[PDB]
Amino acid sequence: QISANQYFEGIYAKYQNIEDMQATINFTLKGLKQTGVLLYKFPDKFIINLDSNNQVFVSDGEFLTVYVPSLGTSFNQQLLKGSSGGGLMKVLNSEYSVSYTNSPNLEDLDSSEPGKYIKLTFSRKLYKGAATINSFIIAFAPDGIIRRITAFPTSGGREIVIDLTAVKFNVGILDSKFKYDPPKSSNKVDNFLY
């Protein structure tokens, strides 16, 4: 058996040599299930297009912008106020400490019973500042592929559960294609999502 820190060293190294990731994404926010497709451009950019409605979620690793085309405008908040950013892997690696959620063994996604997933708990290093998310539990399938990210707001409010399926790496995302930061016309909001 290897330690959680060694397991995550291996995850970290895997994701430093990937250009991009596409996935089917389900996530829970404000009591609603949102479903769509994630395009993540490493290290720190993403866009989510939703299947059933016209909203678009965009992040540059510092701000999370939601486009609401039925209203003709967008709203942005800090993605993780208190973080220095740099993308998921750098944040987890530098601002959180890691442990196995239950054990070093392969477990079910939801319980400690036998299954196919490694589950890591990431706990905020408060000497790096408090943040709006104090902890994450991330479940990894056996090729270091992320299956689920659960984010626990520091407020103690409802957790945010992100399910990733049909993960595909290096699909080809052009750099000019997308603008990931909030546009000039965007409306800053304190925290409308967590």
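Each residue number is its position in the shown sequence, starting from 1.
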Do the C-alpha atoms of 168 to 176 or of 20 to 28 have the higher average B factor in the entry? 168 to 176
With B-factors read from the PDB entry, the higher C-alpha mean of 52 to 60 and 65 to 73 is in 52 to 60
Would you mind checking which of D163, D143, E159, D44 has the top Cα temperature factor in the PDB entry? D143
Per the PDB entry, which option out of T121, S103, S94, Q78 has the greatest Cα B factor? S103
Chain third (lowest, middle, highest) by recorded CA B-factor, residue given as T150: lowest
